[PDB]
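>
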Amino acid sequence: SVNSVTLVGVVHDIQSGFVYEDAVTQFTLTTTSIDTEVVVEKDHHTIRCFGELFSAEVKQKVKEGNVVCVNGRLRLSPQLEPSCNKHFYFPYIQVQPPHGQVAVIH
Amino acid sequence: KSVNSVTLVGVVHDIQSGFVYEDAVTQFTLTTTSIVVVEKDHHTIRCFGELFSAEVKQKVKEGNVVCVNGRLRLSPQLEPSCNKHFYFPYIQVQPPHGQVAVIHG
Amino acid sequence: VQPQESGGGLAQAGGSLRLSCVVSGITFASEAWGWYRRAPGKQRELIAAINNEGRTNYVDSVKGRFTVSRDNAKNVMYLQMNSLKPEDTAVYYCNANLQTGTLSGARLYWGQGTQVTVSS
Amino acid sequence: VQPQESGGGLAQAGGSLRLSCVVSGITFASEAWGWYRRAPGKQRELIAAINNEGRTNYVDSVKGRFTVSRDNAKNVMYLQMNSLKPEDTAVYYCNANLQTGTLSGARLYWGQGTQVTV
Numbered sequence: 021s022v023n024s025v026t027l028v029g030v031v032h033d034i035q036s037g038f039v040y041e042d043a044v045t046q047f048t049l050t051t052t053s054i055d056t062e063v064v065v066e067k068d069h070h071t072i073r074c075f076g077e078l079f080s081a082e083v084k085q086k087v088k089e090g091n092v093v094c095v096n097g098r099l100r101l102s103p104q105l106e107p108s109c110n111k112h113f114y115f116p117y118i119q120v121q122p123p124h125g126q127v128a129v130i131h
Numbered sequence: 020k021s022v023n024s025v026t027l028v029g030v031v032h033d034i035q036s037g038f039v040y041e042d043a044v045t046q047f048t049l050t051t052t053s054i063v064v065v066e067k068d069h070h071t072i073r074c075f076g077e078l079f080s081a082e083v084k085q086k087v088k089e090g091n092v093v094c095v096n097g098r099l100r101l102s103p104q105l106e107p108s109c110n111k112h113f114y115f116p117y118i119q120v121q122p123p124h125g126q127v128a129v130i131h132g
Numbered sequence: 002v003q004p005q006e007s008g009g010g011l012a013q014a015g016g017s018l019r020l021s022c023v024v025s026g027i028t029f030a031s032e033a034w035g036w037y038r039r040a041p042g043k044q045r046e047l048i049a050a051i052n053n054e055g056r057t058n059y060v061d062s063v064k065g066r067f068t069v070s071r072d073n074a075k076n077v078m079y080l081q082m083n084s085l086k087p088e089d090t091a092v093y094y095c096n097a098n099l100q101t102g103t104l105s106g107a108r109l110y111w112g113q114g115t116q117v118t119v120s121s
Numbered sequence: 002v003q004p005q006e007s008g009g010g011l012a013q014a015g016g017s018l019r020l021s022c023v024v025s026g027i028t029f030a031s032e033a034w035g036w037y038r039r040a041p042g043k044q045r046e047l048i049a050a051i052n053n054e055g056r057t058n059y060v061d062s063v064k065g066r067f068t069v070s071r072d073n074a075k076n077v078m079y080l081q082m083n084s085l086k087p088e089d090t091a092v093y094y095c096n097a098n099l100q101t102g103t104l105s106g107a108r109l110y111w112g113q114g115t116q117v118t119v
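Chains as they are written, first to last, in PDB author numbering: chain D, 21 to 56, 62 to 131; chain C, 20 to 54, 63 to 132; chain B, 2 to 121; chain A, 2 to 119.
#1: Does the CB of residue 39 of chain D have a neighbour CB from chain C at under 7 Å?
#2: Comparing alpha-carbon positions, which option in B/76, B/84, B/44 lies nearest residue 62 of chain B?
#3: Please tell me whether residue 11 of chain A and residue 118 of chain A are closer than 7 Å, where the distance is taken between their beta carbons.
#4: So what does residue 47 of chain A bridge to, in DSSP terms?
#5: Hey, is the stretch 103–116 of chain C in contact with the stretch 74–88 of chain D, meaning 3+ C-beta pairs nearer than 8 Å?
#6: Nearest chain A C-beta to residue 82 of chain C closer than 7 Å, yes or no?
#7: Under 7 Å, CB to CB, which of the residues in the stretch 39–62 of chain B have a partner in chain D?
#8: Counting only beta-carbon separations shorter than 7 Å, does residue 77 of chain D have a partner in chain B?
#9: Taking the CB atoms as reference points, tell me whether residue 77 of chain B and residue 2 of chain B lie closer together than 7 Å.
#10: Please state the DSSP three-state secondary structure of residue 16 of chain B.
#11: Between residue 21 of chain C and chain B, is the shortest Cβ-Cβ distance under 7 Å, so that the two count as touching?
#12: DSSP puts residue 96 of chain D in a beta bridge; with which residues?
#13: Using a cut-off of 9 Å between C-beta atoms, extract the partners of residue 101 of chain A located in chain C.
#14: Report yes or no: do the stretch 23–42 of chain D and the stretch 96–109 of chain D share at least 3 C-beta pairs separated by less than 8 Å?
#15: Just checking: is the beta-carbon of residue 76 of chain A within a distance shorter than 7 Å of some beta-carbon in chain D?
#16: Verify the CB distance criterion: does residue 116 of chain D have a CB-CB separation below 7 Å to chain A?
#17: Under DSSP, the beta strand (DSSP E) around residue 115 of chain C begins and ends at which residues?
#18: So the candidates are B/67, B/89, B/74; which of them puts its Cα closest to the Cα of residue 82 of chain B?
#19: At a CB-CB cut-off below 8 Å, which residues of chain B make contact with residue 66 of chain D?
#20: Which residues share a DSSP beta bridge with residue 43 of chain D?
#21: Alpha carbon to alpha carbon, how far is residue 107 of chain B from residue 45 of chain A?
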């Protein structure tokens, strides 16, 4: 039941903070994906780093507007809160060793 | 140079053909068991390609354990309500980039 | 369920244009539709989307700015466009939003779209 | 706000019972909450979330079944459970869901929880 992801692109909105009692450090990874003249598509992925230690090092080493390579697992969060009547999913790319990790190229 | 690449392996479910805004797709579900705690995830797999989708819809049967090899996309979408903005997480599969493969034994 | 749009080309900054999205023949009021746009370079982007009746949800952008309608009478979608920013240059299309996106179609078809331009 | 689940134990398949949750102790209202039940070896599953006013949503599996309500003056989560299937049998927790996306906030902490068996 292998789940896997690899991403490369610009970093944005880097933040620390906790998930439900869990030190996290997420950020957006915008990816350009030229769909099959004359338009291109982008894809902002919520990269969510767990493991307070890895969470910390990531938090420090990763700068804004960077270009990093993200290995990790793709997760789906049921979310769906009040304010409306419908269930949607949260597409966050979970990164926490010994799962994946984040290298930096810019 | 951006890189959006996913890989999957798990159980398939609710397989059906149709169109994505007038596009011959064969959407279905792949369930990776991302693991006492057994955490599951049900991924949507939208296989575009007039021929490709048909290809897939026939060799691919429910229960089959297959691999998925494609982009991680997410349609914005603006439901009747409400102000809450939500994205639709699926997996765009389409040759020569996408790739599907059933497992036997 | 056949796209038949019209209206739009070029207007001074902050204008007021209307749109006529006519569903050619087969039932229209049955579905929940909406308008899109094609920036000179950017891809397909859904903007306005009226419910099946129906209380409408707009994008942060066109929120308060524009307001789309839906009349079962003639089967036409009208996008009340006001204060047309120059950043509102694209080819606009009328089509039916999914259900609410995770659903699969059954036929459908695209349109030809009308070019629109705005420059201060 | 240090969570504190309460109420629960055992009831017939079809029996009923109500749960509870308290926190010490600010600030309610501003924060929307919910209830999370967990199977023996399975993951926690959020059941129903109550809005900041608050409106409410439920799980596709529990729609038209469970009923959740909240009180601000006493900071309490109320979960009146009726006619309980052995499926509902799980360790129920109560905490604050939020952000519906842009999560990551404050420190957060999990309550001990309450038992539900039918």
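The C-beta atom is built at its ideal place from N, Cα and C for all residues, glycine as well.
In this structure, then:
#1: Judged by the 7 Å Cβ criterion, residue 39 of chain D is not in contact with chain C.
#2: Comparing Cα-Cα distances from residue 62 of chain B to each of B/76, B/84, B/44, the minimum goes to B/84.
#3: Result yes, Cβ atoms of residue 11 of chain A and residue 118 of chain A sit closer than 7 Å.
#4: Paired residues: A/37.
#5: No, they do not touch.
#6: With 7 Å as the cut-off, residue 82 of chain C does not count as an interface residue toward chain A.
#7: In summary, the residues of the stretch 39–62 of chain B whose CB is separated from some CB of chain D by less than 7 Å are 42, 43, 44, in the order they occur in the chain.
#8: Not one chain B Cβ lies under 7 Å of residue 77 of chain D.
#9: For residue 77 of chain B and residue 2 of chain B, no; Cβs fall outside 7 Å.
#10: Coil at residue 16 of chain B, not helix or strand.
#11: Closer than 7 Å: no.
#12: D/26, D/126, per the DSSP bridge assignment.
#13: The contacting residues are 111, 113.
#14: Yes, the stretch 23–42 of chain D is in contact with the stretch 96–109 of chain D.
#15: The beta carbon of residue 76 of chain A does not come within 7 Å of any beta carbon belonging to chain D, so the residue lies off that interface.
#16: False, the Cβ-Cβ gap to chain A never drops below 7 Å.
#17: Per DSSP, residue 115 of chain C is one residue of the beta strand (DSSP E) stretching across 115–120.
#18: Taking only the C-alpha atoms, the option nearest residue 82 of chain B is B/67.
#19: Correct list: 44.
#20: In the DSSP output, where bridge partners are listed per residue, residue 43 of chain D has D/38.
#21: Whole-angstrom Cα-Cα distance: 37 Å.
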